[PDB]
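Below, in structure tokens: the form deposited in one PDB entry, a single chain.
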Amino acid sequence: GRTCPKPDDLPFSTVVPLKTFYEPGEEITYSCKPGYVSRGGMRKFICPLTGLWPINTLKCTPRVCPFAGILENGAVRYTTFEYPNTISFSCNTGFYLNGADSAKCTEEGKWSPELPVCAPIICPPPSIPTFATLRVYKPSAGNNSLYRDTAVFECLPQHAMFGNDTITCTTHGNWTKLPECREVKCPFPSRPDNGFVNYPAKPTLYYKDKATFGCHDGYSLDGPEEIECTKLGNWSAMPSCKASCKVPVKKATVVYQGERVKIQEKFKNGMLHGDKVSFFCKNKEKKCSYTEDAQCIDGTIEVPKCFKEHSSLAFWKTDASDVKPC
């Protein structure tokens, strides 16, 4: 033969000068592409008189960047550390990435942008809001605090806290929002009719100050015995003394709080304001018993009209409460 044909294309290389045929004596050069290297450098060949290119031992492989699989206190994502490839980084809880979160292996076999390290998230000591004291706080990293650490505030006596009392060290190295500590006063509480109120003897009453109520005999509170001044400047509650009821019949079996009682027994000293019971009424038609409710309301309770109280003298008839349910 008289010319060499087009040279073969090796995998990650280029041939210069690339023609489709060569005269004997012409030279070509194989070079590995940028980012690749091969054993033995580049290969030059001269087209021989036979027109047959010789054997080519060129095997181009990617440069490998230095090992980068271990990020202290974090995690690298990689297939392999070869020239085309990029790796990415993240940090374990409590740490942040000091540097870029990915890097590439360059043509020159170096990492760019250059590998990061993980560092602990820290916060400076928190500031104390302007009427508050620092209840719980201990630094965990020199003078500073670590991520998810907390501090707890306590307002000064007679001051009410608006907002959560605990702050946390966040990822941004600042704390969550601080609370405020305002002074709050309450009016004096009303003495209730047929009762009395008690509260500390001082010219003015503040947040968390407490007042207690009582009722004269024949009356009970319709609210809580103790109340306190809330953060909003009013009182926890304001109960009255409501009137009890004389028991409204002499002998009857009633439902009280889901269970049968003898009303003359359970309520021998009257019924308190609010007490509900259920009286037993006789459905004369179907010969069975049903109940209907009745409540003591400030000294009044109204017995259902269907209720018939048999004097125990008339023992020849049966109480509605002894008749089978409907």
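Residue positions are given as counts along the sequence shown, with the first one as 1. Between two forms, the rigid core is the largest collection of C-alphas that superpose within 1.5 Å. Shifts are known only where both forms have a C-alpha.
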Notebook entry, point to check: When the C-alpha temperature factors are averaged for each of 226-234 and 73-81, which stretch ends up with the higher value in the entry?
Noted result: 226-234
Check: Out of 21-29 and 299-307, which stretch has the higher average CA B-factor listed in the record?
Finding: 299-307
Notebook entry, point to check: Which one of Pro116, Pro124, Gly94, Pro200 shows the top CA temperature factor in the record?
Noted result: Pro200
Next item on the list: Choose from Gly99, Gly173, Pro157, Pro120 the residue with the greatest Cα B-factor as stated in the PDB record.
Entry: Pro157
Next item on the list: Rank-wise, by C-alpha B-factor, drop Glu107 into the lowest, middle or highest third of its chain.
Entry: middle
Checklist line | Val136 by Cα B-factor - lowest, middle or highest third of the modelled chain | finding: highest
Next item on the list: Give the position of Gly1 by CA B-factor within its chain, expressed as the lowest, middle or highest third.
Entry: middle
Note to self: Considering every modelled residue of the chain and its Cα B-factor in the PDB entry, is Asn143 in the lowest, middle or highest third?
What the structure shows: highest
Item checked: Assigned third (lowest, middle, highest) for the C-alpha B factor of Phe213 -> middle
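The discussion below concerns the form deposited in another entry, not included here.
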Notebook entry, point to check: Core-aligned, does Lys317 move its Cα 2 Å or more between the shown form and the other one?
Noted result: yes
Notebook entry, point to check: Out of closer and farther, which fits the Cα atoms of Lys250 and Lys317 in that other deposited form compared with this form, where the change is 3 Å or more?
Noted result: farther
Check: Moving stretches between the shown form and the other one on a rigid-core fit: which runs of at least three residues all have C-alpha shifts of 2 Å or more?
Finding: 310-317
